Structures are given as C-alpha cells and as structure tokens.
Amino acid sequence: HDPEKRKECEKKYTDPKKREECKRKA
C-alpha cells in the first residue's frame with residue numbers, strides 16, 4: 001500500500017497477476 005513498495009511491485013513484476021498480488025500487500 002506504500003507507494004515505495006507498490007512501485008517496486010509494478011516495476012519488478014510486470015506480470016499482471018504477480019503485480020496484483022504484490023500490490024495487494026504493498
């Protein structure tokens with residue numbers, strides 16, 4: 001949920017689902 005971590009999520013995981021799951025937490 002924090003911009004830092006979710007940015008890193010969308011950055012590291014370009015995969016829609018992996019990104020969803022990471023951003024889910026971040």
# chains A, B, ... in the order shown; residues from 1 in each chain; ligands from 1
>>> residues_around(residues="residue 9 in chain A", least_positions_apart="5", cutoff="8 Å", atoms="only C-alpha atoms", output="VMD selection string")
chain A and resid 19 22 to 23 26
>>> select_by_dssp(residues="chain A", states="alpha helix (DSSP H)", output="PyMOL selection string")
chain A and resi 3-12+16-25
>>> atom_distance(atom1="CA of residue 24 in chain A", atom2="CA of residue 3 in chain A")
12.0 Å
